[PDB]
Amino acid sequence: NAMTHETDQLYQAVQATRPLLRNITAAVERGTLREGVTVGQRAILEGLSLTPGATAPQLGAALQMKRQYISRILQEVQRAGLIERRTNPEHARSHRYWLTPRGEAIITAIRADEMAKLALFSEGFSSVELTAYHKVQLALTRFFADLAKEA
């Protein structure tokens, strides 16, 4: 039973993952709507910022999102003039997408606002505490993945 206090505490942290994800999404949306876009649209803009010229299937794999969802969001951001499609002379059906200057400006603004807010949050903790958070967060992700594949 010597580990009980620690596992009770860790379980409480693990249980906060679900409300945390809901709160991240809702907080993110506050910032994205100021730039006229949704959270889902932001995800696609961030994806194309990271990999200019990606295909819809590639974006789906990178963002771990279903084809249907990627397809809908691509249409929304394209209609809004935030991305453009260029021809793919190697494989014509493999449509490739790039941010437009406006889409670039929007995702840049969103990211700067988000990092400024993360900086605010971080001011309340030592870098040692935050580094421990990161290490444990990633190790838990790994740990549960392994249990799901193996146990």
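Just count from 1 along the sequence shown to find any residue number.
For the pair 96-104 and 62-70, the mean B factor over Cα atoms is greater in 62-70.
Ranked within its chain, residue 90 lands in the highest third, by CA B factor from the PDB record.
Residue 46: CA B factor lies in the lowest third for its chain, per the PDB record. Ranked within its chain, residue 109 lands in the middle third, by CA B factor from the PDB record.
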